[PDB]
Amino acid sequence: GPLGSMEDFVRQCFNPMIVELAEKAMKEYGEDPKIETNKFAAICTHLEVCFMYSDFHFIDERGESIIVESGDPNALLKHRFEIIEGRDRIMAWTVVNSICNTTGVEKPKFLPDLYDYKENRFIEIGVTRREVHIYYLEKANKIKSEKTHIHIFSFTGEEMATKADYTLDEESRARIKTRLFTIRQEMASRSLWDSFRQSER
């Protein structure tokens, strides 16, 4: 089939809010979305996984975790996750600081992606086009925060998480894997997938 542009794919298949955040993210780190297009799509994907990971999860009036997929979560519910990814450098560290000195949890050395108020830990989310175990080890070796929980998703549907603790129910993680499958298939139909996969390096 004809070869599409990654730009077209990103703008057509990701929410504009996600795209704008990815653009702002690449700018902050001196990367050009119009040249590093595979990275651009990977940033969008990762960002969306982080949001989907957090979606629908609340801590109820008793302090127990629950899922509310309707539109109106009653006012007394608290979001289960703090989202750190998708924020500019200053705000992200401000949030991390607001979490740490509060919950007493120690400060990480790299910005994680989320904070889990139920499990009382920071989470690093990974999305890989490679083998989950390799990517997991790379992540672990980079941060070695020990307290930061790592959760990896691959585009083949495999997951790997610290201490075989996957945090979320099967359905939540299934939503994420369905979305990644959709991204991969759509890229493939536009003849963008092979390059995207090989780009991760």
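Counting begins at 1, following the sequence as shown.
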property	result
Of 91-99 and 119-127, the one with larger mean CA B-factor	91-99
Between the two ranges 132-140 and 31-39, the one averaging a larger CA B factor in the entry	132-140
Residue, from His149, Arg62, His57, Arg175, that the PDB entry assigns the highest Cα B-factor	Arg62
Residue with maximal Cα B-factor (values as given in the PDB entry) among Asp165, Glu159, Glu171, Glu69	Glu69
Third of the chain's Cα B-factor distribution that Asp113 belongs to, per the entry	lowest
For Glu85, the third of its chain into which the C-alpha B factor falls	lowest
